[PDB]
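[1] Mind folding the following:
(2 chains)
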Amino acid sequence: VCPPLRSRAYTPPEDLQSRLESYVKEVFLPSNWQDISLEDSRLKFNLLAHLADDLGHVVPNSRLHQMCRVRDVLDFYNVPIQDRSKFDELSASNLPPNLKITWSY
Amino acid sequence: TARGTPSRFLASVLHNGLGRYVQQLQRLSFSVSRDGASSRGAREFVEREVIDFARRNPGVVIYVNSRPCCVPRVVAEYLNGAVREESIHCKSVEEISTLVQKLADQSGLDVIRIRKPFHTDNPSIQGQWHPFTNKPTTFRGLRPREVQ
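    Numbers count the residues shown, from 1 in each chain, chains lettered A, B, ... in the order given. Take a look:
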């Protein structure tokens, strides 16, 4: 049975650095954990899979190679993505009173 | 050609400049398709320019249908009842912007040959010429060769 479709909307959590460093400690320690290199496949998979399970939002294959460091992972996860259609993006954008938009699709 | 085309005289709608200027464009209707390359420029215009145009022209009600019939279009309705339909098929964002601004600037009067480049309701201040202007009068109004 198909589960309810996962909404692609994602708002980065406020305690995101804390959660990320907790996961980094769980997976891997030294000072400046931002600069920990993910050249190891095991460690990269563990960290990214944990983050994907926890936040409901995975790094796409296209961006997977540019996650060279925990800093890169943090940058990827602190950028929001909204799944609202263009209809919503326009209508909920403070339309002037003389502008009317309707969608029949 | 002029002879194979209707013509009119220069005119305004309701003496549009005497007391105040009233923008004659009152309604714009953009029929735009979600999919279809023909309305890509229209989609970008709706995304980037229609809001600014709407707030620049508060007297014009703008509708965006997002489901057209045939080609994507903009229907401009004017105060005098004129309806001008312009296809925005395969037009770029800037092309559509210029077209919409032209619709906003023009009046609803037909774009046909205009007979005169001017229109006066009072062409004469000193009195229109008639054959008896500049003609001197004669004593007792005697016409030429009149005996008395």
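
[2] ok, the most centrally placed residue in chain A to residue B:103 distance?
    Centroid-nearest residue in chain A: residue A:77, 3.9 Å away (criterion: CA atoms, centre = their mean). As judged by CB to CB, to the nearest Å, residue A:77 and residue B:103 stand 47 Å apart. (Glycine included, C-beta is placed from N, CA and C.)

[3] hang on, the earlier thing: who touches the residue nearest to the centre of chain A in this structure?
    A:12, A:16, A:20, A:51, A:55, A:57 (CB atoms under 8 Å, 6 or more residues apart in numbering or on different chains).

[4] ok, now with 6 Å
    Neighbouring residues of residue A:77 by CB atoms under 6 Å, 6 or more residues apart in numbering or on different chains: residue A:12.

[5] With residue B:90 instead?
    Taking CB under 6 Å, 6+ apart, we find residue B:90 in contact with residue B:38.

[6] wait, is it part of a strand?
    No: assigned with DSSP: H, G, I helix; E, B strand; the rest coil, residue B:90 falls outside any strand and is coil.

[7] What's the local residue count around residue A:26?
    Other residues within reach of residue A:26, judged by other CB atoms under 10 Å in any protein chain shown, total 10.

[8] That one belongs to a helix?
    Yes: counting by three-state DSSP, residue A:26 is part of a helix.

[9] Show me the strands in chain A, by range?
    With strands called from DSSP state E, chain A shows them at A:99-101.

[10] Contact residues of chain A facing chain B?
    Taking CB under 6 Å from any CB of the partner chain as the measure of proximity, chain A contacts chain B at A:96, A:98-101, A:103-105.

[11] Using TSV, lay out the residues you listed together with distance to residue A:34 and neighbour count.
    As requested, the residues of chain A next to chain B are exported to TSV (distance: CB to CB, whole Å; neighbours: other CB atoms under 10 Å in any protein chain shown):
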residue	distance to residue A:34	neighbour count
A:96	44	16
A:98	50	17
A:99	45	20
A:100	49	15
A:101	44	20
A:103	44	15
A:104	49	8
A:105	44	9
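
[12] element containing the residue nearest in space to the middle of chain B?
    The centroid of chain B falls nearest to residue B:107 when counting by CA atoms, centre = their mean (2.7 Å). Counting by DSSP states H and E, there is no helix or strand that carries residue B:107.

[13] now it, nearest residue through space, not along the chain?
    Nearest residue to residue B:107, sequence neighbours excluded (CB to CB, 6 or more residues apart in numbering or on different chains): residue B:24, at 4.4 Å.

[14] What count of nearby residues applies to the one you found?
    Using other CB under 10 Å, residue B:24 is surrounded by 23 other residues.

[15] how far does stretch B:124-139 stretch from start to finish?
    Separation of the first and last residues of stretch B:124-139 by CA to CA, to the nearest Å is 30 Å.

[16] In chain B, which helix is the longest?
    As assigned by DSSP state H, the longest helix anywhere in chain B is helix B:93-105.

[17] counting contacts, what elements does the next helix or strand after that one pack onto?
    Downstream of helix B:93-105, the first helix or strand assigned by DSSP H and E is strand B:113-114. Here strand B:113-114 touches no other helix or strand, going by 3 or more CB pairs under 6 Å, 6 or more residues apart in numbering or on different chains; DSSP states H and E.

[18] Sheet-wise, list the partners of strand B:113-114 with their directions.
    Applying DSSP bridges, strand B:113-114 is found paired with strand B:7-8 (parallel).

[19] check contacts around residue A:96.
    Contacts of residue A:96 (CB under 6 Å, 6+ apart): B:54-55.

[20] burial measure for residue B:109, as a count.
    Using other CB under 10 Å, residue B:109 is surrounded by 17 other residues.
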